[PDB]
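Each of the two blocks below gives one form of the same protein chain as structure tokens; they are labelled structure 1 and structure 2.
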Structure 1
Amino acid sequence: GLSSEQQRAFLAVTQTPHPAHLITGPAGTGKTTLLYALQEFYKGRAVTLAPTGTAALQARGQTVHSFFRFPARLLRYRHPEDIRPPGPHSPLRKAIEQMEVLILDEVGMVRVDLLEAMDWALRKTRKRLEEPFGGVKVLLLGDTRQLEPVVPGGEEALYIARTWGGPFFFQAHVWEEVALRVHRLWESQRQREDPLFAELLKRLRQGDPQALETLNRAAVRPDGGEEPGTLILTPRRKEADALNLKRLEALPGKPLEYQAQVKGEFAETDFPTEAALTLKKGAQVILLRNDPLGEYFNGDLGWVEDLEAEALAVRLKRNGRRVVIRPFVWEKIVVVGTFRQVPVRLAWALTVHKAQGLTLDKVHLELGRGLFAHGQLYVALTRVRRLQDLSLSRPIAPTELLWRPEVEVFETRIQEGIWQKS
């Protein structure tokens, strides 16, 4: 069962009427495991969300965007074009009106506009414009030393800097109206059988330069990616694409190319997957959409066992079952354009963003062009249970590590067990 610190956080959150809680702690402390106990306690009263397909599946929930039907773009502060309440007799309206608890996992990855849009979407649907989250009890779980929210450099960064001052969930204006009670987990459950590896991760989290050189001497193994049962992580999509292409090319099976059908407007680069996707029998893949029948999920890893122009059979890693995947129609709505493609991507290599929240048997980090996101390295290192399960393509220099002053201000302030934005 639950550890004594998970049990203490479980009781602190469930026994009080206080409507805003944050359960935070280092990687693998058992936050999502506590989230499963919270789901058994609240059952139907709670909706569980997470910012990524991976984190949502790990949390036995849904992405924030698929639940609220938010567009995959910047969500302007309380903007009616971006934040639309559901229809008068829709299944989403009923779900929002009846909800008592919102469980939000991997909150560190939740961008400020996404959290603010959740607040406003709840207040509008529930017709409670003066109550944060429309009276919904909010249980946030995550870690600000793991991946920072994704901020494209142009007009999105400007808008965020002008509206919130920064992109972090804790910079949301909702926190001026409600105090966030903070509960902590400290004990590594993922690395519990390797205590020196748990301590090395702790020193790396604290930016210790000696722990980095120790990590480099022990874990640098350029051939680490070629070993069976290893998942490769890369900072970039184009880096993962090159490593996936090489594995696909080595497979003996006849290739089959899947040309996406693009109709109407539908802008390039967005595009939820590649327009000309090549697959073979034996290819390692990741599923990009939840089955409307509930047999597979966005984030499911698997292997292609059969393939044809309009269908493929995928053996799932999660349950050892075969599922039949047909092309999916992504519709750009203002229904200006469509993008029809099989909702699959190659997955011998994935971005570090797609691994956050997972416990992996074996990981190899391919540095490529380098680290660009705060918490990116830390996420890659902390996916495994033991040091021997981790390998790096090259040594990492101390100059590659990132500092986020806004994260440090938040982390210092929550030491008091509360977050109250001025």
Structure 2
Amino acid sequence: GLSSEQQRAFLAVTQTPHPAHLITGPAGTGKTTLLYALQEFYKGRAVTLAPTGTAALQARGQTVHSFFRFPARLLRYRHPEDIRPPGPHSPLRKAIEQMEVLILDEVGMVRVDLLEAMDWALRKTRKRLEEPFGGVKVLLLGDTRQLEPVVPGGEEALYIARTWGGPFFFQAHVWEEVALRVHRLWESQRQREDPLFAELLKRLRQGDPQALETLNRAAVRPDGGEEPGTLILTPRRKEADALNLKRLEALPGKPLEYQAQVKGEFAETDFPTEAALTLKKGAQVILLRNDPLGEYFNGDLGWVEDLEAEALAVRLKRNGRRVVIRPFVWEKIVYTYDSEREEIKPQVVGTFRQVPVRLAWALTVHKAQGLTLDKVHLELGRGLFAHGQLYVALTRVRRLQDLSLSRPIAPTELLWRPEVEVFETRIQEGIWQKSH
């Protein structure tokens, strides 16, 4: 059963014809758990999406990209080359046409161009350009104090700035057409049996510098990452590799190497996994691509069972089922700027073919947002770089005894986005309306 404030948000969302709602609150307040109640109330009529694979599985839906078949690149505003409606007799078109409610968890990580593309895709497929999201009622859930959207730094960043003025979902132009009603949750549920830890996280969210000093004294334990049953989180992918390789070549099985084929321009900075990736039987892994046959998805955690030339078997954590993994192809897209028409054109400059698997004793903080973890050791590596990164790493566990840091954290390490301050200030009035 839901809590009291969860039930108020349940009724305030399902008892009103209003088409746009946001349920927001600190990490672990029960937003995705109330999302489960919304899925039972709506079940056939609702589609549930999340921006990342891990969040999508945590919300028991799929990624936004996978549902609308969006390409994994910048979705220019209302651009036909990027937002293509489904076929005349496709299962997607009937899904979009029959759909009545769109639930979107972890909306804080949804970049503005992704949200505007959903708006346009729903309008175009339902043949209602007049109405935002094509008449679909959208239920948004997330926290803007958690991880900001991912914005690579090419002309992709300049376009987003020019078109919307920022990468956040609340900067979409559709909010000039609808008022977003805001429901707020406050009471901790993940940390409900450790109120002092919950109070600490509340103060850390407010930016308290003395809260950070109390955390540095209580939680800095360098060897925390070697205690059993501990998931390690890091800011960067390659820092996770160095940590996973330590636990990997400590396993008894025979190692097998999967060598990627790189074509054209594809820097190893952009590799989703290592070009020389070594696995062992029993290694803990996370899957990086969706199965066309639907047996596994991006974000699936599991353990290697068999290793052969270009095919490995993985036992999944999600359902205890055994799936077979084969190499996928990744495209590397860059954006060039025409001076004459003054437009950006995407272009493929390289490919990367490899088994879609990473070792998963250590993960990036981005792959952890939304998870409730039993034990977390945060390895800071070469520092934090994303707004909301530290706060997400700290709030995955239930009790402070389940958390440890590799080194103390300085106040000057902390990132604050001014657009998030402006947003979270106006939302306490209960409404978000983008003017002009």
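Under this definition, the rigid core comprises the largest set of C-alpha atoms superposing within 1.5 Å between the forms. Here, a residue number simply tells you its place in the sequence of structure 1, counted from 1.
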item: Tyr159 C-alpha moves between structure 1 and structure 2 by 2 Å or more, core aligned; value: no
item: Exceeds or equals 2 Å, Cα of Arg237 between structure 1 and structure 2, core fit; value: no
item: Rotational displacement of the smaller rigid part between structure 1 and structure 2, which moves against the larger, in degrees; value: 17
item: Following rigid core superposition, Cα shift of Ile286 between structure 1 and structure 2 in Å; value: 1.2
item: Per-residue CA shift, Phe297 (Å; core superposed between structure 1 and structure 2); value: 3.7
item: Core-aligned Cα shift of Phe271 between structure 1 and structure 2, given in Å; value: 5.6
